[PDB]
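Taking the form deposited without the ligand, here's one chain by itself in structure tokens.
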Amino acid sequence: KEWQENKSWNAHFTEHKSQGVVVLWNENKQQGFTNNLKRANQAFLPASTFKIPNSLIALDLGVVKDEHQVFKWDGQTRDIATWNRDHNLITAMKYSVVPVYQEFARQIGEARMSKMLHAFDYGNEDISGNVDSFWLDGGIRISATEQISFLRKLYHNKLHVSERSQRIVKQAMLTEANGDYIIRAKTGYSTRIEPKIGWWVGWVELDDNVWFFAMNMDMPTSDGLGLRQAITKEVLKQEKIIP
């Protein structure tokens, strides 16, 4: 792979008083683009973008039966109100319900979790820390370019889990669709270890091509979280990927 820097994308960070990186990958052309080649390859905690590999492993191992199985609220009231109810895989992904996925990771266990992250070649393949929080405050790290590499394999059903698990997780990643494009993606927000950053990783399905993306950006307060999608979509619009 071969990477072109487009610094003009930086205008969209500048005009929103922000700093970060957008990485794009044109699947047809096998060509990548980014505003910052160095930050594109900087590895960070994945935070809730780890729900993608966690979901795959839980499904492949049968910890999750299917996308309709109900995960009961553990009763503890937490600050994000959508978390304080029962969920299935679809809504747990949509609302990024951490406690549900911590429960998955406990059941998967360290041995199988480590084996699967090596099988996926996911980030630095390091799960040091608590098995139920290592993607929030442990040793795992992944860069935006490494998120693309992983997502490309998921798109092609080439990860070493069942085809069914990959199809279900891609259903659960559904974020936006209309007559012009489909976006499958996952947000993240890493706050437990500096630097506080926001993530958005996934892809845009067109009629005749797929554009993979991965972005992260400094997130000193939660009032900037909507800029994850906003800045990405402005880059997508600039490159004429979406209208």
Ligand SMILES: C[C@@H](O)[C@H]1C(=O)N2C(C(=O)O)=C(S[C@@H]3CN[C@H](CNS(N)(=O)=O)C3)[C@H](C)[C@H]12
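Residue numbers here begin at 1 and follow the sequence given.
Student: Mean Cα B factor from the PDB record: higher for 187 to 195, or higher for 172 to 180?
Tutor: The deposited B-factors put 187 to 195 ahead on the C-alpha mean.
Student: Mean C-alpha B-factor higher for 69 to 77, or for 126 to 134?
Tutor: If you average the C-alpha B-factors of 69 to 77 and of 126 to 134, the larger mean comes out for 69 to 77.
Student: Looking at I231, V21, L24, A11, which has the highest CA B-factor as recorded?
Tutor: So the option with the highest C-alpha B-factor is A11.
Student: Within this chain's modelled residues, let me know which third the CA B factor of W83 belongs to: lowest, middle or highest.
Tutor: Ranked within chain, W83 CA B lands in the highest tercile.
Student: For the chain shown, is the CA B-factor of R152 in the lowest, middle or highest third of its modelled residues?
Tutor: Tercile = lowest for this residue's CA B-factor.
Student: With respect to C-alpha B-factor, does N216 fall in the lowest, middle or highest third of the chain as deposited?
Tutor: Lowest third.
Student: Check where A40 lands among this chain's C-alpha B-factors and tell me if it's the lowest, middle or highest third.
Tutor: Middle third by C-alpha B-factor.
Student: Considering only modelled residues of the same chain, in which third does the CA B-factor of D208 rank: lowest, middle or highest?
Tutor: Within its chain, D208 is a highest-third residue by C-alpha B-factor, going by the deposited values.
Beyond what is shown, the protein has a form solved in complex with the ligand; the following relates to that form.
Student: Is the binding site on this chain open or blocked for the ligand after its pose in the entry with it bound is superimposed by the nearby C-alphas, counting blocked as 3 or more ligand atoms within 2.4 Å of backbone or C-beta?
Tutor: In the entry with it bound, the ligand occupies a site that, on this form, remains open once the ligand is superposed onto it.
Student: So, in the entry with it bound, is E194 in contact with the ligand at a 4.5 angstroms heavy atom limit?
Tutor: No, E194 sits far enough from the ligand in the entry with it bound that none of its heavy atoms falls within 4.5 Å.
Student: If you check in the entry with it bound, is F212 within 4.5 Å of the ligand, heavy atoms only?
Tutor: Contact check for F212: no, nothing within 4.5 Å of the ligand in the entry with it bound.
Student: Is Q42 close enough to touch the ligand in the entry with it bound, meaning at least one heavy atom pair within 4.5 Å?
Tutor: No, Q42 sits far enough from the ligand in the entry with it bound that none of its heavy atoms falls within 4.5 Å.
Student: In the entry with it bound, does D66 have a heavy atom within 4.5 Å of the ligand?
Tutor: Although the ligand is absent here, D66 would stay clear of it in the entry with it bound, with no heavy atoms inside 4.5 Å.
Student: Is any part of 15 to 47 within 4.5 angstroms of the ligand in the entry with it bound by a non-hydrogen atom, and which residues would that be?
Tutor: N26, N28, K29, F33 sit within 4.5 Å of the partner.
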